[PDB]
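Undergrad: For reference, the file model_39.pdb (PDB, C-alpha atoms (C1' of nucleotides) and all ligand atoms) is included below:
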```pdb
ATOM      1  CA  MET A   1     -12.149  35.030   1.084  1.00  0.00           C
ATOM      2  CA  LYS A   2     -11.734  34.209   4.788  1.00  0.00           C
ATOM      3  CA  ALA A   3     -14.725  33.725   7.102  1.00  0.00           C
ATOM      4  CA  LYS A   4     -14.131  37.074   8.837  1.00  0.00           C
ATOM      5  CA  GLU A   5     -14.660  38.969   5.563  1.00  0.00           C
ATOM      6  CA  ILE A   6     -17.682  36.762   4.782  1.00  0.00           C
ATOM      7  CA  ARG A   7     -19.114  37.545   8.231  1.00  0.00           C
ATOM      8  CA  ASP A   8     -18.960  41.274   7.409  1.00  0.00           C
ATOM      9  CA  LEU A   9     -21.010  40.641   4.241  1.00  0.00           C
ATOM     10  CA  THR A  10     -24.812  40.753   4.587  1.00  0.00           C
ATOM     11  CA  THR A  11     -26.879  37.600   4.007  1.00  0.00           C
ATOM     12  CA  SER A  12     -27.819  38.853   0.526  1.00  0.00           C
ATOM     13  CA  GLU A  13     -24.156  39.723  -0.143  1.00  0.00           C
ATOM     14  CA  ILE A  14     -23.128  36.158   0.770  1.00  0.00           C
ATOM     15  CA  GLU A  15     -25.836  34.774  -1.542  1.00  0.00           C
ATOM     16  CA  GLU A  16     -24.605  36.989  -4.399  1.00  0.00           C
ATOM     17  CA  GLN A  17     -21.012  35.925  -3.703  1.00  0.00           C
ATOM     18  CA  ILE A  18     -22.070  32.252  -3.767  1.00  0.00           C
ATOM     19  CA  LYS A  19     -23.569  32.796  -7.237  1.00  0.00           C
ATOM     20  CA  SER A  20     -20.482  34.710  -8.410  1.00  0.00           C
ATOM     21  CA  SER A  21     -18.061  32.118  -7.000  1.00  0.00           C
ATOM     22  CA  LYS A  22     -19.951  29.216  -8.606  1.00  0.00           C
ATOM     23  CA  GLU A  23     -19.819  30.916 -12.025  1.00  0.00           C
ATOM     24  CA  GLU A  24     -16.062  31.459 -11.611  1.00  0.00           C
ATOM     25  CA  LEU A  25     -15.565  27.793 -10.668  1.00  0.00           C
ATOM     26  CA  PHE A  26     -17.625  26.669 -13.680  1.00  0.00           C
ATOM     27  CA  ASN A  27     -15.497  28.843 -15.971  1.00  0.00           C
ATOM     28  CA  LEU A  28     -12.314  27.348 -14.494  1.00  0.00           C
ATOM     29  CA  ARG A  29     -13.623  23.793 -15.006  1.00  0.00           C
ATOM     30  CA  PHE A  30     -14.414  24.494 -18.682  1.00  0.00           C
ATOM     31  CA  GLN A  31     -11.009  26.186 -19.081  1.00  0.00           C
ATOM     32  CA  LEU A  32      -9.265  23.139 -17.567  1.00  0.00           C
ATOM     33  CA  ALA A  33     -11.341  20.886 -19.843  1.00  0.00           C
ATOM     34  CA  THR A  34     -10.224  22.857 -22.917  1.00  0.00           C
ATOM     35  CA  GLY A  35      -6.643  22.873 -21.575  1.00  0.00           C
ATOM     36  CA  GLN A  36      -6.623  26.678 -21.288  1.00  0.00           C
ATOM     37  CA  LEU A  37      -5.981  26.847 -17.518  1.00  0.00           C
ATOM     38  CA  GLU A  38      -2.435  26.808 -16.110  1.00  0.00           C
ATOM     39  CA  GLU A  39      -3.290  28.212 -12.660  1.00  0.00           C
ATOM     40  CA  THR A  40      -5.089  25.059 -11.503  1.00  0.00           C
ATOM     41  CA  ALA A  41      -4.809  26.050  -7.817  1.00  0.00           C
ATOM     42  CA  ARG A  42      -7.496  28.692  -8.450  1.00  0.00           C
ATOM     43  CA  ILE A  43     -10.146  25.956  -8.752  1.00  0.00           C
ATOM     44  CA  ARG A  44      -9.593  24.710  -5.186  1.00  0.00           C
ATOM     45  CA  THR A  45      -9.338  28.277  -3.837  1.00  0.00           C
ATOM     46  CA  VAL A  46     -12.777  29.075  -5.281  1.00  0.00           C
ATOM     47  CA  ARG A  47     -14.223  25.819  -3.888  1.00  0.00           C
ATOM     48  CA  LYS A  48     -13.083  26.516  -0.309  1.00  0.00           C
ATOM     49  CA  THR A  49     -14.511  30.053  -0.458  1.00  0.00           C
ATOM     50  CA  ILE A  50     -17.911  28.657  -1.514  1.00  0.00           C
ATOM     51  CA  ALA A  51     -17.752  26.201   1.404  1.00  0.00           C
ATOM     52  CA  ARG A  52     -16.929  29.083   3.770  1.00  0.00           C
ATOM     53  CA  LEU A  53     -19.773  31.219   2.366  1.00  0.00           C
ATOM     54  CA  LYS A  54     -22.254  28.380   2.950  1.00  0.00           C
ATOM     55  CA  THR A  55     -20.940  27.751   6.483  1.00  0.00           C
ATOM     56  CA  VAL A  56     -21.444  31.385   7.539  1.00  0.00           C
ATOM     57  CA  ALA A  57     -24.937  31.343   6.004  1.00  0.00           C
ATOM     58  CA  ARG A  58     -25.819  28.164   7.917  1.00  0.00           C
ATOM     59  CA  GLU A  59     -24.442  29.587  11.184  1.00  0.00           C
ATOM     60  CA  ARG A  60     -26.691  32.643  10.795  1.00  0.00           C
ATOM     61  CA  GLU A  61     -29.772  30.498  10.099  1.00  0.00           C
ATOM     62  CA  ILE A  62     -29.102  28.360  13.197  1.00  0.00           C
ATOM     63  CA  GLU A  63     -28.599  31.542  15.255  1.00  0.00           C
ATOM     64  CA  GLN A  64     -31.956  32.827  13.972  1.00  0.00           C
ATOM     65  CA  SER A  65     -33.508  29.482  14.965  1.00  0.00           C
TER
ATOM     66  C1'   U B   1      63.894 -60.046 -42.751  1.00  0.00           C
ATOM     67  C1'   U B   2      61.131 -64.234 -40.685  1.00  0.00           C
ATOM     68  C1'   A B   3      58.915 -66.862 -36.533  1.00  0.00           C
ATOM     69  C1'   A B   4      57.215 -67.261 -31.700  1.00  0.00           C
ATOM     70  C1'   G B   5      55.847 -64.680 -27.393  1.00  0.00           C
ATOM     71  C1'   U B   6      54.612 -60.256 -24.713  1.00  0.00           C
ATOM     72  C1'   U B   7      52.742 -55.418 -23.733  1.00  0.00           C
ATOM     73  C1'   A B   8      51.112 -50.417 -25.046  1.00  0.00           C
ATOM     74  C1'   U B   9      48.566 -46.149 -27.213  1.00  0.00           C
ATOM     75  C1'   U B  10      42.959 -45.490 -28.144  1.00  0.00           C
ATOM     76  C1'   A B  11      37.964 -42.488 -24.717  1.00  0.00           C
ATOM     77  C1'   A B  12      32.863 -42.161 -28.779  1.00  0.00           C
ATOM     78  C1'   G B  13      31.250 -41.774 -24.179  1.00  0.00           C
ATOM     79  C1'   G B  14      31.326 -43.143 -18.805  1.00  0.00           C
ATOM     80  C1'   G B  15      33.377 -43.313 -13.392  1.00  0.00           C
ATOM     81  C1'   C B  16      35.905 -40.949  -8.961  1.00  0.00           C
ATOM     82  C1'   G B  17      38.233 -36.701  -7.028  1.00  0.00           C
ATOM     83  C1'   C B  18      38.844 -31.445  -7.555  1.00  0.00           C
ATOM     84  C1'   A B  19      37.929 -26.440  -9.278  1.00  0.00           C
ATOM     85  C1'   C B  20      34.617 -22.824 -11.115  1.00  0.00           C
ATOM     86  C1'   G B  21      29.657 -21.452 -12.349  1.00  0.00           C
ATOM     87  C1'   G B  22      24.051 -21.677 -12.549  1.00  0.00           C
ATOM     88  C1'   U B  23      19.392 -22.997 -10.369  1.00  0.00           C
ATOM     89  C1'   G B  24      16.809 -22.968  -5.890  1.00  0.00           C
ATOM     90  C1'   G B  25      15.347 -20.541  -1.266  1.00  0.00           C
ATOM     91  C1'   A B  26      17.104 -23.919   3.474  1.00  0.00           C
ATOM     92  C1'   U B  27      19.837 -21.543   7.429  1.00  0.00           C
ATOM     93  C1'   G B  28      21.384 -17.327  10.498  1.00  0.00           C
ATOM     94  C1'   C B  29      20.296 -12.479  11.679  1.00  0.00           C
ATOM     95  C1'   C B  30      16.175  -9.103  11.611  1.00  0.00           C
ATOM     96  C1'   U B  31      10.730  -7.143  12.356  1.00  0.00           C
ATOM     97  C1'   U B  32       6.423  -4.022  10.169  1.00  0.00           C
ATOM     98  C1'   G B  33       2.335  -8.430  12.394  1.00  0.00           C
ATOM     99  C1'   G B  34       0.666 -11.781  15.669  1.00  0.00           C
ATOM    100  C1'   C B  35      -0.366 -14.764  20.719  1.00  0.00           C
ATOM    101  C1'   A B  36      -1.555 -14.874  25.835  1.00  0.00           C
ATOM    102  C1'   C B  37      -2.461 -11.832  29.825  1.00  0.00           C
ATOM    103  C1'   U B  38      -2.618  -7.607  33.836  1.00  0.00           C
ATOM    104  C1'   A B  39      -4.539  -2.779  35.547  1.00  0.00           C
ATOM    105  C1'   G B  40      -7.778   1.152  34.836  1.00  0.00           C
ATOM    106  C1'   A B  41     -11.929   2.841  31.613  1.00  0.00           C
ATOM    107  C1'   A B  42     -16.191   1.539  29.053  1.00  0.00           C
ATOM    108  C1'   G B  43     -19.986  -2.048  28.149  1.00  0.00           C
ATOM    109  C1'   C B  44     -24.735  -0.114  23.294  1.00  0.00           C
ATOM    110  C1'   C B  45     -26.338   2.053  18.255  1.00  0.00           C
ATOM    111  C1'   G B  46     -31.105   3.145  15.381  1.00  0.00           C
ATOM    112  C1'   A B  47     -37.129   6.688  12.340  1.00  0.00           C
ATOM    113  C1'   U B  48     -33.338  13.308  14.877  1.00  0.00           C
ATOM    114  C1'   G B  49     -32.647   7.170   9.543  1.00  0.00           C
ATOM    115  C1'   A B  50     -28.225   2.412  12.480  1.00  0.00           C
ATOM    116  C1'   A B  51     -24.730  -1.478  11.351  1.00  0.00           C
ATOM    117  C1'   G B  52     -22.848  -2.401   6.683  1.00  0.00           C
ATOM    118  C1'   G B  53     -22.504  -0.896   1.820  1.00  0.00           C
ATOM    119  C1'   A B  54     -23.002   1.710  -3.204  1.00  0.00           C
ATOM    120  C1'   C B  55     -21.594   5.917  -5.863  1.00  0.00           C
ATOM    121  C1'   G B  56     -18.844  10.112  -5.788  1.00  0.00           C
ATOM    122  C1'   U B  57     -14.993  13.997  -4.180  1.00  0.00           C
ATOM    123  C1'   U B  58      -7.991  15.871  -5.789  1.00  0.00           C
ATOM    124  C1'   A B  59      -4.467  19.934 -11.166  1.00  0.00           C
ATOM    125  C1'   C B  60      -3.547  15.291 -13.478  1.00  0.00           C
ATOM    126  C1'   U B  61      -6.701   9.452 -10.216  1.00  0.00           C
ATOM    127  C1'   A B  62      -6.661   2.923 -11.759  1.00  0.00           C
ATOM    128  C1'   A B  63      -6.103   1.597  -5.979  1.00  0.00           C
ATOM    129  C1'   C B  64      -6.017   2.381  -0.491  1.00  0.00           C
ATOM    130  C1'   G B  65      -7.019   5.968   3.443  1.00  0.00           C
ATOM    131  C1'   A B  66      -9.707  10.501   4.303  1.00  0.00           C
ATOM    132  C1'   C B  67     -13.937  13.125   3.000  1.00  0.00           C
ATOM    133  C1'   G B  68     -19.623  13.866   1.085  1.00  0.00           C
ATOM    134  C1'   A B  69     -22.118  17.984  -4.095  1.00  0.00           C
ATOM    135  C1'   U B  70     -19.566  23.063   1.620  1.00  0.00           C
ATOM    136  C1'   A B  71     -16.672  16.135  -0.767  1.00  0.00           C
ATOM    137  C1'   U B  72      -8.489  14.589  -0.831  1.00  0.00           C
ATOM    138  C1'   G B  73     -12.763  19.051   3.390  1.00  0.00           C
ATOM    139  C1'   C B  74     -15.781  24.096   6.090  1.00  0.00           C
ATOM    140  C1'   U B  75     -16.166  27.022  11.014  1.00  0.00           C
ATOM    141  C1'   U B  76     -14.776  27.826  15.942  1.00  0.00           C
ATOM    142  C1'   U B  77     -12.040  27.238  20.627  1.00  0.00           C
ATOM    143  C1'   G B  78      -7.535  25.599  22.784  1.00  0.00           C
ATOM    144  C1'   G B  79      -2.456  23.404  21.752  1.00  0.00           C
ATOM    145  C1'   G B  80       1.829  23.917  18.683  1.00  0.00           C
TER
HETATM  146 MG    MG A 101      -5.682  28.241  16.171  1.00  0.00          MG
END
```
Can you dump the structure from the file as C-alpha cells?

TA:
Amino acid sequence: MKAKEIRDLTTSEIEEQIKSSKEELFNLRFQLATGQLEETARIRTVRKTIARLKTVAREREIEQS
RNA sequence: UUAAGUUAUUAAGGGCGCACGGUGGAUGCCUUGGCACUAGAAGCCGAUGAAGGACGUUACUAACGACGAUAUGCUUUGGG
C-alpha cells in the first residue's frame, strides 16, 4: 500500500492496518521457516507497507504537535 | 705357432659443449593506490546523548558496505 492510500485512511484505520500487516508478516515468517512459502517477495512487500504506515502516523503526530 | 714390442675397445660414474624441459618470480609493460603541492571552501561535535564501538537488519548471509526493530531502508521535494 502506497503512502497516498495510507494518507486517506484514518488514524485508527492505519493502526488497524499495522496490526493486520504485522500478523501477515508473522505468518509469512513461520511459513518460510516451515518451507511452505515460495513467494518470498511478499515478506519484504509487507515490511515496507508497515514502515509506510508508521511514517504517515508519525507525520500526523508531528503535525498535531 | 712361439717370442719380443706396440696400441685399442671399456664409462660404473664424471667433465665440457649443445638441445629440450621443470622450478622460481627478476625484468619490461601496465595501474586500482600512494607522495608533494596550488586555488577556492570550511575550520568543531556532545545531555535534544558525541567520537568510537557492540549487536542486529536481506528469500537464502560467513564477510565488507549500507541501514537500525519503519533495519540490505520509510516519506517528501526537485533531477533523471
Ligand atoms: Mg520523483

Undergrad: Written as a ChimeraX atom specification, which residues does the PyMOL selection byres (((not hetatm)) within 12 of (chain A and resi 101)) give for the file shown?

TA: /B:75-80

Undergrad: Please evaluate the PyMOL selection byres ((chain A and not hetatm) within 12 of (chain B)) against the structure above and give the resulting residues as an MDAnalysis selection string.

TA: chainID A and resid 2:4 6:7 18 22 28:29 32:33 35 37:44 46:60

Undergrad: Interatomic distance between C1' of residue 55 in chain B and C1' of residue 67 in chain B?

TA: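 Separating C1' of residue 55 in chain B from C1' of residue 67 in chain B is a distance of 13.8 Å.
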
Undergrad: Report the distance between CA of residue 25 in chain A and CA of residue 45 in chain A in Å, rounded to one decimal place.

TA: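 Computing it gives 9.3 Å between the two atoms.
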
Undergrad: Quick one: what's the axis-aligned box for range 49-62 of chain A, all listed atoms, 5 Å on every side, centre and edges in Å to one decimal, as JSON?

TA:
```
{"center_x": -22.1, "center_y": 29.4, "center_z": 5.8, "size_x": 25.3, "size_y": 16.4, "size_z": 24.7}
```
